[PDB]
$ cat my_file28.cif   # mmCIF, N, CA, C and O atoms
data_my_file
#
loop_
_atom_site.label_atom_id
_atom_site.label_comp_id
_atom_site.auth_asym_id
_atom_site.auth_seq_id
_atom_site.Cartn_x
_atom_site.Cartn_y
_atom_site.Cartn_z
N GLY A 1 0.85 -1.19 0.00
CA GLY A 1 0.00 0.00 0.00
C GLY A 1 0.87 1.24 0.00
O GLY A 1 1.84 1.32 -0.76
N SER A 2 0.56 2.22 0.84
CA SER A 2 1.31 3.47 0.95
C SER A 2 2.45 3.44 1.96
O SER A 2 3.16 4.43 2.14
N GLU A 3 2.65 2.30 2.60
CA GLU A 3 3.67 2.08 3.62
C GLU A 3 5.03 1.64 3.06
O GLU A 3 6.06 2.04 3.60
N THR A 4 5.05 0.83 2.00
CA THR A 4 6.28 0.31 1.38
C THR A 4 6.76 1.19 0.23
O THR A 4 7.84 0.98 -0.33
N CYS A 5 5.98 2.20 -0.10
CA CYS A 5 6.23 3.11 -1.21
C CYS A 5 6.23 4.55 -0.76
O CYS A 5 5.32 4.99 -0.07
N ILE A 6 7.25 5.30 -1.19
CA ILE A 6 7.44 6.70 -0.88
C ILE A 6 7.45 7.40 -2.22
O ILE A 6 8.44 7.36 -2.95
N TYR A 7 6.32 7.99 -2.59
CA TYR A 7 6.16 8.69 -3.85
C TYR A 7 6.22 10.20 -3.66
O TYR A 7 6.18 10.72 -2.54
N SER A 8 6.30 10.91 -4.78
CA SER A 8 6.30 12.36 -4.83
C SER A 8 4.86 12.82 -4.59
O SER A 8 3.92 12.00 -4.54
N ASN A 9 4.65 14.13 -4.41
CA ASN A 9 3.31 14.66 -4.22
C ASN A 9 2.49 14.32 -5.47
O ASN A 9 3.03 14.40 -6.58
N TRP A 10 1.23 13.92 -5.30
CA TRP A 10 0.36 13.54 -6.40
C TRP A 10 0.35 14.56 -7.54
O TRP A 10 0.40 15.77 -7.32
N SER A 11 0.31 14.05 -8.77
CA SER A 11 0.26 14.87 -9.96
C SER A 11 -1.12 15.55 -9.99
O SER A 11 -2.05 15.09 -9.30
N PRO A 12 -1.30 16.60 -10.80
CA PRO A 12 -2.60 17.23 -10.90
C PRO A 12 -3.52 16.23 -11.61
O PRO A 12 -3.07 15.31 -12.32
N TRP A 13 -4.81 16.37 -11.36
CA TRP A 13 -5.81 15.52 -11.96
C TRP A 13 -5.95 15.90 -13.43
O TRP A 13 -5.70 17.04 -13.81
N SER A 14 -6.35 14.93 -14.25
CA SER A 14 -6.58 15.14 -15.65
C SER A 14 -7.98 15.75 -15.77
O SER A 14 -8.60 16.14 -14.77
N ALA A 15 -8.46 15.89 -17.00
CA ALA A 15 -9.78 16.42 -17.23
C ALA A 15 -10.76 15.40 -16.65
O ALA A 15 -10.57 14.19 -16.77
N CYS A 16 -11.79 15.89 -15.97
CA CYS A 16 -12.79 15.03 -15.38
C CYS A 16 -13.54 14.31 -16.49
O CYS A 16 -13.97 14.93 -17.47
N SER A 17 -13.71 13.01 -16.30
CA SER A 17 -14.40 12.12 -17.22
C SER A 17 -15.79 12.71 -17.53
O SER A 17 -16.25 12.61 -18.67
N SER A 18 -16.44 13.34 -16.54
CA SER A 18 -17.73 13.99 -16.76
C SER A 18 -17.43 15.49 -16.71
O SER A 18 -17.09 16.01 -15.65
N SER A 19 -17.48 16.14 -17.87
CA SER A 19 -17.26 17.57 -18.03
C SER A 19 -18.55 18.34 -17.68
O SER A 19 -18.64 19.55 -17.89
N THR A 20 -19.57 17.64 -17.15
CA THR A 20 -20.87 18.14 -16.75
C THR A 20 -21.07 17.88 -15.26
O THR A 20 -20.28 17.15 -14.64
N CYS A 21 -22.12 18.43 -14.67
CA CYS A 21 -22.44 18.26 -13.25
C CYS A 21 -22.72 16.79 -12.89
O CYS A 21 -22.83 16.44 -11.72
N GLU A 22 -22.89 15.91 -13.87
CA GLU A 22 -23.13 14.49 -13.62
C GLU A 22 -21.87 13.93 -12.97
O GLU A 22 -20.75 14.27 -13.36
N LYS A 23 -22.04 13.05 -11.97
CA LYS A 23 -20.89 12.46 -11.29
C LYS A 23 -20.03 11.72 -12.31
O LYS A 23 -20.54 11.04 -13.20
N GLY A 24 -18.73 11.87 -12.16
CA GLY A 24 -17.70 11.27 -13.00
C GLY A 24 -16.48 10.96 -12.17
O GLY A 24 -16.58 10.88 -10.94
N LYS A 25 -15.33 10.77 -12.81
CA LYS A 25 -14.05 10.46 -12.17
C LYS A 25 -12.91 11.19 -12.86
O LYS A 25 -13.06 11.60 -14.00
N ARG A 26 -11.77 11.30 -12.19
CA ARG A 26 -10.53 11.90 -12.69
C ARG A 26 -9.44 10.84 -12.68
O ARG A 26 -9.63 9.78 -12.09
N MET A 27 -8.27 11.14 -13.25
CA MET A 27 -7.12 10.25 -13.30
C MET A 27 -5.85 11.04 -12.96
O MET A 27 -5.70 12.20 -13.34
N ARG A 28 -4.92 10.42 -12.23
CA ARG A 28 -3.63 11.02 -11.85
C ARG A 28 -2.55 9.94 -11.93
O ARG A 28 -2.88 8.76 -12.10
N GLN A 29 -1.28 10.33 -11.87
CA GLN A 29 -0.14 9.42 -11.95
C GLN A 29 1.10 10.10 -11.35
O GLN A 29 1.65 11.02 -11.96
N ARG A 30 1.50 9.77 -10.12
CA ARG A 30 2.68 10.35 -9.46
C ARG A 30 3.90 9.51 -9.82
O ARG A 30 3.78 8.44 -10.42
N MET A 31 5.08 9.98 -9.41
CA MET A 31 6.34 9.30 -9.63
C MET A 31 6.81 8.73 -8.29
O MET A 31 6.64 9.36 -7.24
N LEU A 32 7.34 7.51 -8.31
CA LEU A 32 7.84 6.80 -7.14
C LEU A 32 9.24 7.33 -6.85
O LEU A 32 10.11 7.28 -7.71
N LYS A 33 9.43 7.91 -5.66
CA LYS A 33 10.73 8.43 -5.25
C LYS A 33 11.56 7.25 -4.79
O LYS A 33 12.60 6.97 -5.38
N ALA A 34 11.11 6.54 -3.75
CA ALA A 34 11.80 5.39 -3.18
C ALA A 34 10.80 4.31 -2.78
O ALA A 34 9.62 4.58 -2.58
N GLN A 35 11.29 3.08 -2.64
CA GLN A 35 10.51 1.91 -2.24
C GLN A 35 11.29 1.22 -1.13
O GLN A 35 12.51 1.08 -1.21
N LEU A 36 10.59 0.82 -0.07
CA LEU A 36 11.19 0.14 1.07
C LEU A 36 11.56 -1.31 0.73
O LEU A 36 12.33 -1.93 1.46
N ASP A 37 11.03 -1.82 -0.38
CA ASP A 37 11.26 -3.16 -0.90
C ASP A 37 11.60 -3.05 -2.38
O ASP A 37 10.74 -2.73 -3.20
N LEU A 38 12.88 -3.21 -2.71
CA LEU A 38 13.37 -3.13 -4.09
C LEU A 38 12.90 -4.32 -4.93
O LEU A 38 12.99 -4.25 -6.15
N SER A 39 12.42 -5.41 -4.32
CA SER A 39 11.95 -6.61 -5.01
C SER A 39 10.46 -6.55 -5.31
O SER A 39 9.92 -7.45 -5.96
N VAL A 40 9.76 -5.51 -4.87
CA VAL A 40 8.34 -5.38 -5.09
C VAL A 40 8.07 -3.95 -5.53
O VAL A 40 8.25 -3.02 -4.74
N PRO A 41 7.68 -3.73 -6.80
CA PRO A 41 7.39 -2.40 -7.29
C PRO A 41 6.17 -1.85 -6.58
O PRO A 41 5.41 -2.56 -5.92
N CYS A 42 5.95 -0.57 -6.81
CA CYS A 42 4.85 0.19 -6.26
C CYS A 42 3.86 0.51 -7.38
O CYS A 42 3.98 1.57 -8.00
N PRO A 43 2.86 -0.36 -7.65
CA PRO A 43 1.86 -0.17 -8.69
C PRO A 43 0.88 0.99 -8.42
O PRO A 43 0.08 1.33 -9.30
N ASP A 44 0.90 1.60 -7.24
CA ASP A 44 0.04 2.73 -6.87
C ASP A 44 0.52 4.05 -7.50
O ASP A 44 0.42 5.12 -6.89
N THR A 45 1.13 3.99 -8.68
CA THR A 45 1.60 5.18 -9.38
C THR A 45 0.40 6.02 -9.77
O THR A 45 0.51 7.23 -9.77
N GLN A 46 -0.74 5.39 -10.07
CA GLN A 46 -1.97 6.06 -10.46
C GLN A 46 -3.05 5.93 -9.40
O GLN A 46 -2.94 5.11 -8.48
N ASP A 47 -4.08 6.76 -9.53
CA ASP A 47 -5.23 6.81 -8.64
C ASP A 47 -6.39 7.44 -9.42
O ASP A 47 -6.16 8.12 -10.44
N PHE A 48 -7.61 7.24 -8.94
CA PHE A 48 -8.85 7.73 -9.52
C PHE A 48 -9.85 8.06 -8.42
O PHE A 48 -10.14 7.21 -7.58
N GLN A 49 -10.36 9.28 -8.39
CA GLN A 49 -11.36 9.72 -7.42
C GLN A 49 -12.51 10.33 -8.23
O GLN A 49 -12.30 10.75 -9.38
N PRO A 50 -13.72 10.41 -7.65
CA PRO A 50 -14.86 10.99 -8.34
C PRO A 50 -14.64 12.49 -8.60
O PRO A 50 -13.73 13.11 -8.04
N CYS A 51 -15.44 13.04 -9.51
CA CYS A 51 -15.45 14.44 -9.90
C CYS A 51 -16.85 14.84 -10.36
O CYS A 51 -17.74 14.01 -10.54
N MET A 52 -17.02 16.15 -10.56
CA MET A 52 -18.19 16.85 -11.02
C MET A 52 -17.65 17.96 -11.92
O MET A 52 -16.60 18.55 -11.62
N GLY A 53 -18.30 18.22 -13.04
CA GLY A 53 -17.89 19.26 -13.97
C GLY A 53 -18.13 20.65 -13.38
O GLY A 53 -18.65 20.77 -12.27
N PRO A 54 -17.77 21.72 -14.11
CA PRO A 54 -17.97 23.08 -13.66
C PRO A 54 -19.47 23.35 -13.50
O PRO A 54 -20.30 22.79 -14.22
N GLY A 55 -19.81 24.28 -12.61
CA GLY A 55 -21.19 24.64 -12.34
C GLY A 55 -21.90 23.55 -11.52
O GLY A 55 -23.12 23.41 -11.64
N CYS A 56 -21.15 22.79 -10.73
CA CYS A 56 -21.65 21.72 -9.88
C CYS A 56 -21.02 21.84 -8.50
O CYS A 56 -20.01 22.55 -8.35
N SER A 57 -21.57 21.15 -7.49
CA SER A 57 -21.07 21.19 -6.12
C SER A 57 -21.57 20.00 -5.30
O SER A 57 -22.28 19.12 -5.79
N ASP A 58 -21.17 19.96 -4.03
CA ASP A 58 -21.52 18.93 -3.05
C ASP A 58 -22.63 19.41 -2.11
O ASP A 58 -22.90 18.77 -1.10
N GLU A 59 -23.30 20.51 -2.45
CA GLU A 59 -24.39 21.11 -1.67
C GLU A 59 -25.62 20.18 -1.57
O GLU A 59 -26.59 20.50 -0.88
N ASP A 60 -25.60 19.04 -2.27
CA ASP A 60 -26.65 18.03 -2.32
C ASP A 60 -26.15 16.63 -1.94
O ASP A 60 -26.94 15.69 -1.80
N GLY A 61 -24.84 16.45 -1.77
CA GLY A 61 -24.23 15.17 -1.42
C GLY A 61 -22.75 15.41 -1.22
O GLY A 61 -22.01 15.36 -2.22
#

$ encode --input "my_file28.cif" --output "structure tokens"
Amino acid sequence: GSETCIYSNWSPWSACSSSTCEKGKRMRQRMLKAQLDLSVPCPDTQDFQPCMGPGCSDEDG
């Protein structure tokens, strides 16, 4: 997980999959600085969290 891997600060998110107020997701990809285990790579280079397009908010959820 995040314990055996020491990565750089997360990259900025890409364009949100939903460019509208409809719930969607984003994509990111950081760089691995160091790993506590050289025999096991750190596949957590990328991540995905939900998003909402412009003119949207969490005022309803």

$ resolve_selection --input "my_file28.cif" --expression "the PyMOL selection byres (((chain A and resi 26 and name CA) around 12) and name CA)" --output "PyMOL selection string"
chain A and resi 11-19+23-25+27-29+46-53

$ residues_near_point --input "my_file28.cif" --point "(8.6, 9.4, -4.1)" --cutoff "4.5 Å" --atoms "all atoms listed in the file" --output "JSON, numbers by chain"
{"A": [6, 7, 8, 31, 32, 33, 34]}

$ resolve_selection --input "my_file28.cif" --expression "the PyMOL selection byres (((chain A and resi 42 and name CA) around 8) and name CA)" --output "compact mmCIF listing (two decimals) with N, CA, C and O atoms, keeping the file's coordinate frame"
# COMPACT_ATOMS: atom_id res chain seq x y z
N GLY A 1 0.85 -1.19 0.00
CA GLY A 1 0.00 0.00 0.00
C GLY A 1 0.87 1.24 0.00
O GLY A 1 1.84 1.32 -0.76
N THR A 4 5.05 0.83 2.00
CA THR A 4 6.28 0.31 1.38
C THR A 4 6.76 1.19 0.23
O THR A 4 7.84 0.98 -0.33
N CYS A 5 5.98 2.20 -0.10
CA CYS A 5 6.23 3.11 -1.21
C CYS A 5 6.23 4.55 -0.76
O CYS A 5 5.32 4.99 -0.07
N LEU A 32 7.34 7.51 -8.31
CA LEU A 32 7.84 6.80 -7.14
C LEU A 32 9.24 7.33 -6.85
O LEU A 32 10.11 7.28 -7.71
N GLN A 35 11.29 3.08 -2.64
CA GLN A 35 10.51 1.91 -2.24
C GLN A 35 11.29 1.22 -1.13
O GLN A 35 12.51 1.08 -1.21
N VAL A 40 9.76 -5.51 -4.87
CA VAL A 40 8.34 -5.38 -5.09
C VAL A 40 8.07 -3.95 -5.53
O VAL A 40 8.25 -3.02 -4.74
N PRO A 41 7.68 -3.73 -6.80
CA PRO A 41 7.39 -2.40 -7.29
C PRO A 41 6.17 -1.85 -6.58
O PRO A 41 5.41 -2.56 -5.92
N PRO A 43 2.86 -0.36 -7.65
CA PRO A 43 1.86 -0.17 -8.69
C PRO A 43 0.88 0.99 -8.42
O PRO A 43 0.08 1.33 -9.30
N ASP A 44 0.90 1.60 -7.24
CA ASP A 44 0.04 2.73 -6.87
C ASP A 44 0.52 4.05 -7.50
O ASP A 44 0.42 5.12 -6.89
N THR A 45 1.13 3.99 -8.68
CA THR A 45 1.60 5.18 -9.38
C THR A 45 0.40 6.02 -9.77
O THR A 45 0.51 7.23 -9.77

$ atom_distance --input "my_file28.cif" --atom1 "CA of residue 30 (chain A)" --atom2 "atom N of residue 9 (chain A)"
6.6 Å

$ atom_distance --input "my_file28.cif" --atom1 "atom O of residue 22 (chain A)" --atom2 "atom N of residue 61 (chain A)"
12.5 Å

$ select_by_dssp --input "my_file28.cif" --residues "chain A" --states "strand (DSSP E)" --output "ChimeraX atom specification"
/A:5-7,24-25,28-29,32-35,46-47,50-51

$ atom_distance --input "my_file28.cif" --atom1 "atom C of residue 57 (chain A)" --atom2 "CA of residue 2 (chain A)"
28.9 Å

$ decode --input "my_file28.cif" --residues "region 16-29 of chain A" --atoms "N, CA, C and O atoms" --output "CSV table (one decimal), in the first residue's frame"
chain,number,residue,atom,x,y,z
A,16,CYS,N,-11.8,15.9,-16.0
A,16,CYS,CA,-12.8,15.0,-15.4
A,16,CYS,C,-13.5,14.3,-16.5
A,16,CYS,O,-14.0,14.9,-17.5
A,17,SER,N,-13.7,13.0,-16.3
A,17,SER,CA,-14.4,12.1,-17.2
A,17,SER,C,-15.8,12.7,-17.5
A,17,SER,O,-16.3,12.6,-18.7
A,18,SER,N,-16.4,13.3,-16.5
A,18,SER,CA,-17.7,14.0,-16.8
A,18,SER,C,-17.4,15.5,-16.7
A,18,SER,O,-17.1,16.0,-15.7
A,19,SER,N,-17.5,16.1,-17.9
A,19,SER,CA,-17.3,17.6,-18.0
A,19,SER,C,-18.6,18.3,-17.7
A,19,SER,O,-18.6,19.5,-17.9
A,20,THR,N,-19.6,17.6,-17.2
A,20,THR,CA,-20.9,18.1,-16.7
A,20,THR,C,-21.1,17.9,-15.3
A,20,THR,O,-20.3,17.1,-14.6
A,21,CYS,N,-22.1,18.4,-14.7
A,21,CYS,CA,-22.4,18.3,-13.3
A,21,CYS,C,-22.7,16.8,-12.9
A,21,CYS,O,-22.8,16.4,-11.7
A,22,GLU,N,-22.9,15.9,-13.9
A,22,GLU,CA,-23.1,14.5,-13.6
A,22,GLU,C,-21.9,13.9,-13.0
A,22,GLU,O,-20.7,14.3,-13.4
A,23,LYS,N,-22.0,13.1,-12.0
A,23,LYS,CA,-20.9,12.5,-11.3
A,23,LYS,C,-20.0,11.7,-12.3
A,23,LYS,O,-20.5,11.0,-13.2
A,24,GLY,N,-18.7,11.9,-12.2
A,24,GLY,CA,-17.7,11.3,-13.0
A,24,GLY,C,-16.5,11.0,-12.2
A,24,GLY,O,-16.6,10.9,-10.9
A,25,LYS,N,-15.3,10.8,-12.8
A,25,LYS,CA,-14.1,10.5,-12.2
A,25,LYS,C,-12.9,11.2,-12.9
A,25,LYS,O,-13.1,11.6,-14.0
A,26,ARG,N,-11.8,11.3,-12.2
A,26,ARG,CA,-10.5,11.9,-12.7
A,26,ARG,C,-9.4,10.8,-12.7
A,26,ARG,O,-9.6,9.8,-12.1
A,27,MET,N,-8.3,11.1,-13.2
A,27,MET,CA,-7.1,10.2,-13.3
A,27,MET,C,-5.8,11.0,-13.0
A,27,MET,O,-5.7,12.2,-13.3
A,28,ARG,N,-4.9,10.4,-12.2
A,28,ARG,CA,-3.6,11.0,-11.9
A,28,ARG,C,-2.5,9.9,-11.9
A,28,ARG,O,-2.9,8.8,-12.1
A,29,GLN,N,-1.3,10.3,-11.9
A,29,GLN,CA,-0.1,9.4,-11.9
A,29,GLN,C,1.1,10.1,-11.3
A,29,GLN,O,1.6,11.0,-12.0
